[PDB]
Structures are given as C-alpha cells and as structure tokens.
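Novice: Dropping the structure in here first, questions after.
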Amino acid sequence: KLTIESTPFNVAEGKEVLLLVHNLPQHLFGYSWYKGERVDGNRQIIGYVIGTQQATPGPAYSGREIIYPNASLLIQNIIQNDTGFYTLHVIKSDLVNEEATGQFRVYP
Amino acid sequence: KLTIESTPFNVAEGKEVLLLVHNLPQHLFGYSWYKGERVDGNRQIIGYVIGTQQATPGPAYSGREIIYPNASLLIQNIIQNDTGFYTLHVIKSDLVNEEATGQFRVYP
Amino acid sequence: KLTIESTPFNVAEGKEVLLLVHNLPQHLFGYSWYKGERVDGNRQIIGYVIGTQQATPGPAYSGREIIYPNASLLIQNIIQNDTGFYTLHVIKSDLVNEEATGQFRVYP
Amino acid sequence: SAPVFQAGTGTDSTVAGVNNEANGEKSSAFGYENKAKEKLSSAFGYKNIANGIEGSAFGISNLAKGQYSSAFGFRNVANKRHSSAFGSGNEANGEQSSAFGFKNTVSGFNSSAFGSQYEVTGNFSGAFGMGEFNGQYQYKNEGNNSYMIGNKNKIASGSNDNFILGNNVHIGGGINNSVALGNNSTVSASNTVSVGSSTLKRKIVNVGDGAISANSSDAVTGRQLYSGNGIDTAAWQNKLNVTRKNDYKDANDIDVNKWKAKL
Amino acid sequence: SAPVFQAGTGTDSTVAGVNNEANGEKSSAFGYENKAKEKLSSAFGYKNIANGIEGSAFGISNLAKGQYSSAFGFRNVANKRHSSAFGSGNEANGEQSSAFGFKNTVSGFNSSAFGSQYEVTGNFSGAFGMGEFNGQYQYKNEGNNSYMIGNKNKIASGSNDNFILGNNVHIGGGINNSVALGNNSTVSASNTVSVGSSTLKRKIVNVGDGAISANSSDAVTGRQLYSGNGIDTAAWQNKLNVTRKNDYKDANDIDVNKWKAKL
Amino acid sequence: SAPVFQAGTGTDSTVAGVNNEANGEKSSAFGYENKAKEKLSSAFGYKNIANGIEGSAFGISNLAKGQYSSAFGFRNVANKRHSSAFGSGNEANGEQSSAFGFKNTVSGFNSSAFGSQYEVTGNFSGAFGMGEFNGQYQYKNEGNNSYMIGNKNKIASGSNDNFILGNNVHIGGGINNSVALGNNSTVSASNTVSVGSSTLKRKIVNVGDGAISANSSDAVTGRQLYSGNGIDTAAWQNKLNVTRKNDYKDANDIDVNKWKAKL
C-alpha cells in the first residue's frame with residue numbers, strides 16, 4: 001500500500017525535512033504534492049511529468065521545495081506555519097488515480 | 001395538434017394582425033416564420049433561439065414584424081401584398097421538426 | 001493480372017520509350033511511378049490524381065517524363081543511366097494498393 | 001416480441017436483438033430495430049440504417065447512405081463517398097468531407113467543419129468555431145479556398161481566397177486575397193490586411209526597424225521618423241525649398257541688383 | 001459465469017454477453033458487464049455505463065450521463081446535454097461542448113477543445129493544440145469569446161475577446177480586444193496587435209504603399225520616408241524654421257537696420 | 001457456417017456472430033470474422049483486429065495495435081499508446097497523437113491532424129486543412145513546435161517555431177521564429193512577419209497612431225508623415241543644412257569679407 005514517511009518526524013526551526021514514499025506503483029504518468037488532506041487545486045505545491053521530464057511549481061510555492069524523480073519531497077528553512085499534513089496524488093498509465101497522506105510537526 | 005390562428009381573419013388596410021399558436025410542444029429549441037406553404041430558405045421572416053434568448057431577422061424582413069416568446073407573430077401597417085399563407089417551423093430538443101400553416105386575407 | 005510492357009524493349013540512345021499497362025483495375029483513386037523494384041519515397045518520378053485531374057512530379061524528376069490518363073509513361077532523350085526497372089503503384093477506391101514491375105535496357 | 005439471435009435473409013448475415021433485418025451480404029444488425037441493406041454493412045445500436053456499401057451506423061438513430069460512409073453518435077447523416085459525421089446532429093453532403101461537434105453541415109468538396117452550428121458550402125474551405133441555427137443557417141462559408149476561425153463570420157459567394165481569425169466579420173462580394181484580424185473588423189477592398197474598423201483602430205507594437213532605401217518595402221517605426229537617419233538629402237532639400245547654410249556664409253546664388261536696391 | 005443472450009428487466013430490452021443488465025425501456029447491453037439504466041440507452045463494449053436518456057457509451061470504460069450524450073473510445077465522460085467526448089481521457093461538462101483528442105476538459109457553453117491537455121472554462125471559446133497535465137491543468141482558457149492555437153497559452157478571467165496564434169503567450173487581467181502573433185510574444189494593453197516582446201522584435205516585410213493624406217490610417221514603407229513624396233510643404237516649412245530659397249535671392253523679410261549695422 | 005453465440009478460448013470471453021475468435025481475457029468479438037487477441041480487447045463490426053491491451057476496433061476493417069488505442073470508422077490504424085484514429089483511412093504512429101477526417105498520418109509526439117491528407121512528422125506540431133496524396137505525401141509538417149492552417153503548405157526539417165495561416169506557403173531550411181499571413185506568401189528570413197511576396201504586396205489598413213519618441217517601436221501611419229508632429233527639430237535641422245529664419249533677419253553667422261567683396 002502506498003505510504004508516506006517523514007524524516008525527521010520532529011524537525012528543528014532551521015533544518016530540512018524529507019518526505020519519502022514506499023510502495024510506489026509502477027507504470028506511472030505523473031504526480032503532484034498538495035497542502036492539506038484533500039486534492040484541492042488552490043493548495044498545490046509542485047508537480048512532475050515523466051514523459052517529458054518536467055517539473056512545474058503550483059499556486060502554493062514559497063520557493064523552498066524540491067521534488068525528486070522517485071516521488072520524494074524536500075522542504076528547507078522550516079518556519080512555524082509549515083506544520084501539518086501533506087497529500088500525494090499519483091496518476092497511473094491507465095488514467096486511474098491514487099492518494100496518500102503524511103504528517104509532521106514543528107517545534108521551537 | 002399544432003394549430004395557427006389569426007386575429008382578425010379579415011384585416012383593415014392600416015391595422016395590425018396577430019398570429020397565435022395552440023398546442024405548442026414543450027421542450028423546444030427554436031422556431032422560425034416563413035412566407036408561403038413550404039420551408040424555403042429564401043422566404044424566411046424572423047427566427048428565435050431559446051437557449052440564448054436571441055431574435056434574428058431573415059431575408060424577407062420589411063421591418064414591420066415582431067416575434068414573441070410564446071411563438072406568436074405581430075404584423076403592423078398591412079398593405080395589399082401581405083395577404084396569403086404563413087408557415088411555422090418548430091424544432092424540438094431531440095432535433096425533430098414540425099410544421100404548421102395559417103392563412104388570412106386583406107381587403108380595402 | 002496487372003502487367004507492364006515496354007515499347008521498344010531495346011531502345012536507341014536518342015529515341016523515346018513508352019511504358020504501357022494491361023489489366024488496369026477499374027474504380028481507381030491515383031497512381032505513381034517509381035525507380036527500382038520497391039515502393040520507396042525517395043525514388044518517385046511522377047504521380048497522378050484522378051479526382052482533381054492533377055499531375056505532380058517527384059524527387060526523381062529530370063524533366064523528360066510524361067504521364068498519361070490511362071496510366072502510361074513516356075521517357076524521351078534516353079541516356080545510359082536510365083536502364084533497368086520501373087515500378088507502378090496503384091491505389092483503388094477502397095484504399096487498397098497494388099504493384100507491378102517492368103524492365104528495359106539501353107544499348108549504344 | 002422476444003429477442004432473437006440468428007441469421008438474416010442474406011448470405012452470411014447476422015441479426016441479434018429485437019426486430020432486426022439484415023438483407024445484405026455479410027451484413028450485421030445488432031440492437032433494437034436496425035436495418036443493414038447493403039453489402040458489408042453494419043448497424044449497431046438503436047434504430048440505425050446502413051444503406052450504402054461498406055457503410056457504418058453506430059449509436060442512436062444514425063443514417064449512412066454513401067459508400068465508405070461513417071455515422072457515429074446521435075442523429076448523424078453521411079451521404080457521399082468517404083464522408084464522416086461524428087457527434088450530435090451532423091450532416092455531411094460532400095465527397096471527402098468531415099463534420100465533427102454539434103449541428104454542423106458541410107456540402108463542399110474536401111471541406112471541414114469543427115464546432116457548433118456552421119455551414120460550409122465552398123470547395124476546399126474550412127470552419128472552426130460557433131455560429132447560429134434556428135431552422136436555417138445564418139452564417140455560412142460560401143467562398144472557395146477560404147478559412148474562418150471564431151464566432152459569427154460570413155463569406156459571400158464569389159469571394160475567394162480569404163482568411164478570418166476573429167468575431168463578427170462579414171465579407172461582401174467582389175473581395176479576394178484578403179486577411180482580417182481581431183474582433184469587429186471590416187474588409188472593404190482586395191489585396192489588403194485589416195486590423196480594425198472605421199470606429200475602432202488598433203496599434204501595432206514591438207516592431208523592428210526596417211531598411212530606409214529606395215527599394216524597401218518594410219514598415220517604419222516611430223524612432224525612425226523621430227530621428228531622420230538614412231533619408232535622401234537632395235530630395236528633401238529640393239522639395240522644401242531650403243537655403244543651404246554653407247551657401248549662406250559666402251553669398252552664393254544671390255541676385256546682386258535687388259540686394260543693392262534695398263541696402 | 002457462462003455467457004447469456006436474452007431479455008433484460010425492461011420492456012423490449014436486450015442483454016448479450018457476460019453479466020449485463022439493461023433496466024431501461026428499449027435499452028441494449030452488449031459485451032462484458034455493461035449497464036444501460038435509462039430509456040433508449042446503448043452500452044457496447046467493456047464496462048460501459050449509460051445513465052442518461054438516449055445516451056451512448058461505446059468502447060472501454062465510458063460514462064454517458066447527460067441527455068443525448070456520446071462517449072466514444074477509452075475512458076471518456078460526457079455529463080451535459082448534447083455533449084461529445086471522443087478519444088482518450090476526455091471530459092465534457094458543458095452544454096453543447098466538444099472534447100476531441102487526448103486528456104481534454106471543457107466546461108463552458110458552446111466551447112470546443114481539440115488536441116492534447118487543454119482546459120476551456122470560458123463561454124463561446126476554443127482551444128487547438130497542446131498544454132500540460134500533472135494532476136491539475138496548468139494552462140486554461142478562462143476568457144469569453146476568445147480563441148487560442150498553439151502550445152502553453154493562458155488567458156485569465158475577465159479578459160475577453162482575445163485571439164492567440166503562437167507559443168508561450170500569457171495574457172493578464174484587464175486586457176480586452178487584443179491579438180498576439182508569433183512565438184514568445186507579450187500583450188500588455190487593450191486594443192493592440194503585438195508581433196514580439198521587449199527582448200526580441202520582429203520586422204514586417206512585403207508591405208504595399210499607403211496613402212499620404214490628412215485622413216490616412218495606412219502604414220508607411222521605407223521608400224516613402226526615403227523619398228518624401230506627398231508631404232505637406234507648409235507644415236514642414238513652419239515646423240523647421242526654413243528660409244525659402246526664392247525668398248533669399250531677392251532679400252525678402254530682411255531687417256534693414258541690423259544688416260546695415262554689420263556691413 | 002451458421003452464426004454462433006458462445007464463449008471463446010479465453011476466460012470470460014464472448015464470440016457472437018460468424019467465425020469470430022476471442023483469445024484474450026474478458027475479450028469480446030461481435031460481428032463478422034473479428035479477432036480480439038489481448039486482455040480487455042473489443043472488436044465490433046466487419047473484420048476488425050484488436051491486438052493491444054485495452055484496444056478498441058469499431059467499424060469496418062480497423063486495426064488497433066497500441067495500448068489504450070482506438071480505431072473508429074473505415075480502415076483506420078492506431079499503433080502507439082493513447083493514439084486515436086477517427087474517420088476514413090487514418091494512421092496514428094505517434095504516442096498521444098490524433099488523426100481525425102480523411103487520409104491523415106501523424107508520426108510525432110503530441111501532434112494533431114484534422115482534415116484531408118496532411119502528414120505531420122514533427123513534435124508538438126499541428127495541421128488543419130487540406131494537402132495531397134497520390135501514393136506519397138507531397139506536403140508535410142516536418143518542423144517542431146510549428147502549426148499550419150490551410151491548403152498545400154510545407155515546413156522543412158530543421159525549421160522550428162513557425163506558424164502558417166494561408167495557402168501555398170513553402171518554408172525552407174534555416175528559418176526559425178517566423179509568421180506568414182495570406183495567400184501566396186513567402187518567408188525568406190528568420191524573426192520576420194510577411195504579408196505578401198515579391199510579385200504581390202498587401203496594404204495594412206485601419207492602424208492607430210503610434211508614439212513619436214526616441215524609444216518607440218510602434219508603426220507610423222500616413223497622416224503622421226503628412227503632418228510632421230513630434231519630430232526632433234535639431235536632428236532634422238542639422239541633417240538638412242538649413243538657415244534658420246530667425247537667424248536670417250539679423251545677419252547671424254555671416255562671413256563679412258565675402259559679402260563685402262560681392263556688394
């Protein structure tokens with residue numbers, strides 16, 4: 001089952017956080033990252049397209065986020081309003097969709 | 001059955017005439033008015049479209065004709081060459097057509 | 001069966017050669033002439049389209065070739081490098097294709 | 001009546017469904033009250049008629065009368081050879097013509113209509129966009145080798161080789177080789193390009209510098225008229241009668257008599 | 001389970017295939033696990049659902065929910081009245097709208113999309129070409145009565161009556177009645193035609209000669225500025241203060257006192 | 001042979017018609033001599049072959065070889081993934097490519113062809129209109145990110161980012177970032193916009209007034225050259241050597257010796 005894990009779970013106020021994915025389906029088409037617990041258009045951070053090797057930012061892009069080809073996310077220079085949930089949307093080659101959710105908190 | 005009636009049947013030389021419709025089918029798409037007893041393109045007066053609330057004149061438009069949303073026609077300032085037959089063409093939502101015919105005469 | 005015949009088989013060094021077709025299928029769409037024994041795009045001489053009565057030269061067009069409406073070819077001012085095989089491609093109205101081959105030699 | 005699955009009245013024919021008839025050779029009628037009347041004809045769905053050789057009717061109430069004709073969708077009519085009607089309410093009455101979208105009609109040789117309620121009656125023409133239908137078509141493309149893209153455009157009969165990219169452009173008779181650009185534009189002459197009308201006019205921006213020479217058919221920008229580089233000095237000097245400054249500090253071409261008279 | 005060929009639960013209905021149900025009047029379900037739930041509905045192929053009156057689902061995993069709707073191909077959705085989805089992954093959520101090609105979405109009244117991954121949300125608009133999809137659409141046509149042709153073009157909400165023929169053109173809010181031409185072009189004002197941007201500018205070639213008169217809204221070529229024919233002599237003479245040559249050989253308009261003082 | 005309605009050689013398969021074979025899992029063959037050879041494949045009509053996973057062949061003599069491929073109509077071929085062939089005689093040999101109309105061929109990544117007998121071999125390109133076919137294609141779009149609309153247009157290999165709206169326009173090799181407008185137009189340079197050729201030239205009408213300043217890349221109309229407003233007086237005065245009139249009524253910059261010599 002598609003799972004998201006965070007390293008580290010407890011993050012400092014100036015370090016970075018890495019979100020990694022386990023059980024990634026094969027034969028994909030693209031994937032995107034969201035802010036929250038639902039696939040909302042206004043709260044999208046970054047997306048990737050495999051067929052053309054393309055990465056495009058979204059409406060919620062502060063400039064501190066990096067995507068990776070293995071569908072992993074890096075967020076650097078954490079501030080106090082970046083704590084909560086993130087949602088991953090995966091598109092398969094047969095146009096069917098899947099979703100997953102991850103969580104972390106920020107402490108001073 | 002779709003029927004057309006004229007008021008008045010006998011019309012003066014300077015009054016108006018109203019053509020009204022009984023048994024109008026529901027769920028329409030548009031309708032148009034013709035001069036004669038056949039659906040001829042060159043003898044069309046005015047047409048109406050419901051989806052955009054549009055009224056458009058045709059090739060035979062002297063400027064004395066008014067259409068109404070209940071598929072009725074008004075002709076004012078009658079002259080001697082306006083006597084005869086008029087034909088109504090109705091388009092249903094399933095793209096099927098219907099026709100009806102009406103008649104009146106003009107006397108000095 | 002579609003056959004190609006050449007007149008004359010043995011050609012002089014300054015005369016002309018006529019390639020004629022027997023058993024032409026009816027209800028055609030177009031036909032073209034090639035250099036060689038295969039339908040190759042880079043070795044096309046001239047083509048004809050029936051629906052618009054059009055004749056168009058191809059990549060291999062020296063300017064000495066004439067097509068005829070009965071699918072026949074005329075080559076004039078023969079030089080020594082024009083000896084060998086020619087291939088005819090026929091397109092039927094049902095988009096199915098047919099091919100035929102002819103041959104001649106040039107002697108000094 | 002109960003559904004039936006068996007052979008029709010033709011050789012190697014098949015009827016499958018309710019009240020289906022297949023009178024042709026190797027023809028197939030599948031569904032509800034379908035009719036396949038010719039050789040290698042296929043009628044699939046609800047009340048489809050395939051009346052041409054190798055014609056296909058697929059969907060709901062489709063008609064395919066021409067040879068190698070295709071009607072796909074809801075109430076589409078294909079009438080000529082190699083004609084295609086795809087979508088809702090499309091009619092194709094031209095050889096090798098294509099109607100795709102909602103209520104389109106094509107009646108020309110090698111013509112294409114895409115979108116909503118256009119009619120194309122010219123040869124080698126094309127329509128992309130939206131018009132109007134209320135029993136008769138109010139906007140048609142009656143010109144040959146002409147193309148129009150947008151909403152509510154008209155080309156008359158006899159006006160050939162015209163291109164429209166815009167809205168509410170009407171071209172009259174006697175106009176050839178013209179291009180129209182923009183919304184609410186007018187064309188009134190042949191061999192012209194219009195970017196507006198007599199009530200609203202448009203500026204052209206981001207233009208490079210053209211050559212200033214005798215045989216130069218290039219547009220001129222504002223800075224070139226502001227500066228004045230590259231002009232013919234002799235022509236401008238003998239057009240505006242000018243006394244050259246080098247000729248003024250040495251008294252050249254002066255009538256001595258009149259100057260002596262005044263002084 | 002074994003295949004079955006019989007009547008469904010509706011009057012004059014037909015099921016033919018494996019695990020098919022036809023609950024509507026005169027409905028037909030043909031293939032593998034198809035569902036026809038309404039009146040005069042047809043479901044042909046693999047796992048098709050026809051949930052509207054006179055709706056047709058043909059192919060693999062198609063949905064037709066609207067009245068007189070058509071879904072043809074692979075995973076297409078038609079939702080409104082007289083909507084058409086043809087191809088792969090197309091959704092039509094607008095009345096009398098058309099989606100044709102790969103992954104297109106239309107949600108406007110009388111709008112058309114042809115090609116790969118565009119979204120059209122405006123009314124009476126049109127899209128021809130290619131965009132991008134990665135979970136959300138990155139390039140949309142949000143303007144009314146606007147048309148775009150090419151790759152990666154954007155029109156914002158509130159910007160109406162615009163036409164784009166090119167690549168990588170983004171139109172912001174508050175711009176109306178504009179035309180953009182070429183690759184990497186910019187539009188920043190209303191009632192304008194742009195042929196470039198602030199970093200690259202394009203020349204216009206093969207232009208005829210315009211009229212040189214007072215009321216003349218025609219472009220000017222290089223040869224006309226080079227020669228100078230047809231200009232107003234009086235205006236150019238009283239703008240650049242010029243001593244006319246015929247006035248110089250006869251001592252006209254000369255202050256006698258100052259000339260006598262020097263000589 | 002008599003028609004047969006039963007299960008095929010695959011699990012949950014169905015054959016209905018004459019001499020049909022369904023060798024795949026959950027595959028369906030309906031009609032006359034149809035072949036469904038893969039998983040979830042559908043062959044409906046007359047002599048259809050579905051040789052790809054989740055491929056659909058509908059009509060008369062259609063081939064669907066690619067994954068998620070669709071062939072609809074009369075003699076259409078779909079070969080790659082997410083490719084679509086709709087109409088008569090269409091071939092789609094590119095991934096996510098679309099061929100719609102009469103005898104069109106597409107072999108590029110994300111390319112579209114609509115109409116009659118064009119070939120598109122470039123990537124991210126598009127063709128709308130009519131060409132010619134007589135055994136080989138005589139007009140092709142071989143450029144990347146280029147679009148053409150009309151009749152008998154050509155773009156060579158190596159010429160990228162080009163847009164054509166017109167008839168009989170041929171673009172050679174080495175030309176990039178160009179736009180062509182009108183019938184019988186020529187392009188011979190990069191970064192240019194052409195509105196004609198060397199034998200016929202077109203006028204541009206209905207143009208607004210541009211700014212007359214130093215940094216002004218706007219077109220100039222006829223009235224602006226006729227009047228002369230907004231020009232740099234000093235530059236025009238020192239280009240055409242002019243004796244200023246206010247300097248002539250007071251004898252400024254006069255060589256006294258030569259004037260005394262003559263008088």
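Please note that chains go A, B, ... in the order of the structure tokens, that every chain numbers its residues from 1, and that ligands are numbered from 1 in the order shown.
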Please report as CSV every residue of chain F lying within 8 Å of chain C, along with the nearest atom pair and their distance in Å (one decimal), using only C-alpha atoms.
Specialist:
```
residue,atom,partner,partner_atom,distance
F:89,CA,C:95,CA,7.4
F:133,CA,C:49,CA,7.9
F:134,CA,C:30,CA,5.5
F:135,CA,C:32,CA,6.3
F:136,CA,C:41,CA,6.6
```
Novice: Chain E residues within 7 Å of chain D, counting only C-alpha atoms: which ones, as number ranges by chain?
Specialist: E: 6-7, 14, 28, 42, 56, 68, 70, 82, 84, 96, 98, 110, 112, 161, 177-179, 191-198, 201-208, 219-223, 225-228, 233, 237, 242-245, 249-251
Novice: Using C-alpha atoms, can you write the selected residues to a file as a PDB file, in the first residue's frame?
Specialist:
```pdb
ATOM      1  CA  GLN E   6     -31.755 -12.872 -23.576  1.00  0.00           C
ATOM      2  CA  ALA E   7     -34.084 -10.075 -22.484  1.00  0.00           C
ATOM      3  CA  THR E  14     -31.663  -6.996 -24.598  1.00  0.00           C
ATOM      4  CA  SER E  28     -29.290  -2.656 -25.074  1.00  0.00           C
ATOM      5  CA  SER E  42     -26.905   1.737 -25.513  1.00  0.00           C
ATOM      6  CA  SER E  56     -24.454   6.109 -25.946  1.00  0.00           C
ATOM      7  CA  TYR E  68     -28.280  12.978 -25.923  1.00  0.00           C
ATOM      8  CA  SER E  70     -21.968  10.440 -26.538  1.00  0.00           C
ATOM      9  CA  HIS E  82     -25.637  17.391 -26.404  1.00  0.00           C
ATOM     10  CA  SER E  84     -19.479  14.797 -27.021  1.00  0.00           C
ATOM     11  CA  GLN E  96     -23.249  21.596 -26.434  1.00  0.00           C
ATOM     12  CA  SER E  98     -16.965  19.060 -27.659  1.00  0.00           C
ATOM     13  CA  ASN E 110     -20.680  26.125 -26.735  1.00  0.00           C
ATOM     14  CA  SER E 112     -14.534  23.283 -28.283  1.00  0.00           C
ATOM     15  CA  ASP E 161     -12.366  38.883 -26.919  1.00  0.00           C
ATOM     16  CA  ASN E 177      -9.731  43.269 -27.783  1.00  0.00           C
ATOM     17  CA  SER E 178      -6.143  42.208 -28.452  1.00  0.00           C
ATOM     18  CA  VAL E 179      -4.317  39.994 -30.948  1.00  0.00           C
ATOM     19  CA  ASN E 191      -6.847  47.390 -28.408  1.00  0.00           C
ATOM     20  CA  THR E 192      -3.385  46.379 -29.621  1.00  0.00           C
ATOM     21  CA  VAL E 193      -1.663  43.973 -32.010  1.00  0.00           C
ATOM     22  CA  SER E 194       1.719  42.596 -30.925  1.00  0.00           C
ATOM     23  CA  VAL E 195       4.361  40.943 -33.112  1.00  0.00           C
ATOM     24  CA  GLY E 196       7.053  40.443 -30.487  1.00  0.00           C
ATOM     25  CA  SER E 197       8.236  41.258 -26.978  1.00  0.00           C
ATOM     26  CA  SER E 198      10.611  43.659 -25.227  1.00  0.00           C
ATOM     27  CA  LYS E 201      11.295  42.353 -32.042  1.00  0.00           C
ATOM     28  CA  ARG E 202      10.128  41.308 -35.500  1.00  0.00           C
ATOM     29  CA  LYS E 203      10.209  43.117 -38.838  1.00  0.00           C
ATOM     30  CA  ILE E 204       7.216  43.321 -41.180  1.00  0.00           C
ATOM     31  CA  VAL E 205       8.076  42.753 -44.840  1.00  0.00           C
ATOM     32  CA  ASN E 206       6.342  42.846 -48.235  1.00  0.00           C
ATOM     33  CA  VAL E 207       4.081  45.812 -47.454  1.00  0.00           C
ATOM     34  CA  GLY E 208       2.416  47.962 -50.090  1.00  0.00           C
ATOM     35  CA  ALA E 219       1.170  52.015 -42.772  1.00  0.00           C
ATOM     36  CA  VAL E 220       4.240  53.694 -44.279  1.00  0.00           C
ATOM     37  CA  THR E 221       7.088  51.860 -46.014  1.00  0.00           C
ATOM     38  CA  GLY E 222      10.788  52.667 -46.072  1.00  0.00           C
ATOM     39  CA  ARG E 223      10.874  54.068 -49.605  1.00  0.00           C
ATOM     40  CA  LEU E 225      10.259  58.058 -45.882  1.00  0.00           C
ATOM     41  CA  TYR E 226      13.380  57.864 -48.072  1.00  0.00           C
ATOM     42  CA  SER E 227      11.810  59.876 -50.919  1.00  0.00           C
ATOM     43  CA  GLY E 228       9.389  62.283 -49.225  1.00  0.00           C
ATOM     44  CA  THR E 233       5.101  71.561 -47.533  1.00  0.00           C
ATOM     45  CA  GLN E 237       8.364  74.552 -43.562  1.00  0.00           C
ATOM     46  CA  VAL E 242      13.466  77.492 -43.047  1.00  0.00           C
ATOM     47  CA  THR E 243      14.439  80.418 -45.259  1.00  0.00           C
ATOM     48  CA  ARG E 244      12.819  79.727 -48.622  1.00  0.00           C
ATOM     49  CA  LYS E 245      15.311  79.905 -51.478  1.00  0.00           C
ATOM     50  CA  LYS E 249      17.662  85.768 -53.994  1.00  0.00           C
ATOM     51  CA  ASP E 250      15.524  88.901 -53.612  1.00  0.00           C
ATOM     52  CA  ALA E 251      16.025  89.954 -49.943  1.00  0.00           C
TER      53      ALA E 251
END
```
Novice: Run DSSP on the backbone and give me the residues of chain A it puts in strand (DSSP E), as a ChimeraX atom specification.
Specialist: /A:3-7,10-11,17-22,28-35,44-49,54-57,65-68,72-75,84-92,97-106
Novice: Hey, what's within 7 Å of residue A:77 if we count only C-alpha atoms and toss same-chain stuff fewer than 5 positions away? As a list in words, please?
Specialist: residues 14, 15 and 16 of chain A
Novice: Can you pull out the residues contacting residue C:8? Cut-off 10 Å, using only C-alpha atoms, and skip same-chain residues under 4 positions away; I want them as a list in words.
Specialist: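 Selected residues are residues 12, 15, 16, 17, 18, 19, 104 and 105 of chain C.
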Novice: Excluding residue C:3 and its own-chain neighbours fewer than 3 positions away, which residues fall within 9 Å of it when counting only C-alpha atoms? Please give them as a ChimeraX atom specification.
Specialist: /C:20-24,100-102
Novice: Go ahead and save the picked residues with N, CA, C and O atoms, as a JSON list (two decimals), in the first residue's frame.
Specialist:
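As written to disk, again01.json reads:
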```json
[["chain", "number", "residue", "atom", "x", "y", "z"],
["C", 20, "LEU", "N", 3.45, 0.89, -71.08],
["C", 20, "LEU", "CA", 2.01, 0.73, -71.12],
["C", 20, "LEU", "C", 1.57, -0.33, -70.12],
["C", 20, "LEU", "O", 2.35, -1.19, -69.71],
["C", 21, "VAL", "N", 0.29, -0.27, -69.76],
["C", 21, "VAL", "CA", -0.28, -1.08, -68.68],
["C", 21, "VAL", "C", -1.44, -1.89, -69.23],
["C", 21, "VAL", "O", -2.31, -1.34, -69.92],
["C", 22, "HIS", "N", -1.46, -3.18, -68.93],
["C", 22, "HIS", "CA", -2.58, -4.05, -69.24],
["C", 22, "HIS", "C", -3.23, -4.55, -67.96],
["C", 22, "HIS", "O", -2.55, -4.78, -66.95],
["C", 23, "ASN", "N", -4.55, -4.72, -68.02],
["C", 23, "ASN", "CA", -5.38, -5.18, -66.90],
["C", 23, "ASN", "C", -5.43, -4.14, -65.78],
["C", 23, "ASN", "O", -5.26, -4.46, -64.60],
["C", 24, "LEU", "N", -5.68, -2.90, -66.16],
["C", 24, "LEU", "CA", -5.82, -1.83, -65.18],
["C", 24, "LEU", "C", -7.12, -2.02, -64.40],
["C", 24, "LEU", "O", -8.18, -2.16, -65.01],
["C", 100, "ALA", "N", 3.17, -3.33, -59.66],
["C", 100, "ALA", "CA", 3.61, -4.03, -60.85],
["C", 100, "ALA", "C", 5.01, -3.56, -61.22],
["C", 100, "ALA", "O", 5.45, -2.49, -60.79],
["C", 101, "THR", "N", 5.71, -4.36, -62.03],
["C", 101, "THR", "CA", 7.11, -4.10, -62.34],
["C", 101, "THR", "C", 7.37, -4.29, -63.83],
["C", 101, "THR", "O", 6.81, -5.20, -64.45],
["C", 102, "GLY", "N", 8.23, -3.44, -64.39],
["C", 102, "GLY", "CA", 8.65, -3.56, -65.77],
["C", 102, "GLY", "C", 10.14, -3.28, -65.90],
["C", 102, "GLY", "O", 10.77, -2.75, -64.98]]
```
Novice: In Å, rounded to a single decimal, give me how far atom CA of residue F:120 is from atom CA of residue F:92.
Specialist: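 A separation of 10.1 Å between them.
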Novice: For a test of reading the model, state the distance in Å between atom CA of residue F:118 and atom CA of residue D:85, rounded to one decimal.
Specialist: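 So the answer is 19.5 Å.
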Novice: Would you mind reading off the distance between atom CA of residue D:39 and atom CA of residue D:77, one decimal, in Å?
Specialist: 18.9 Å
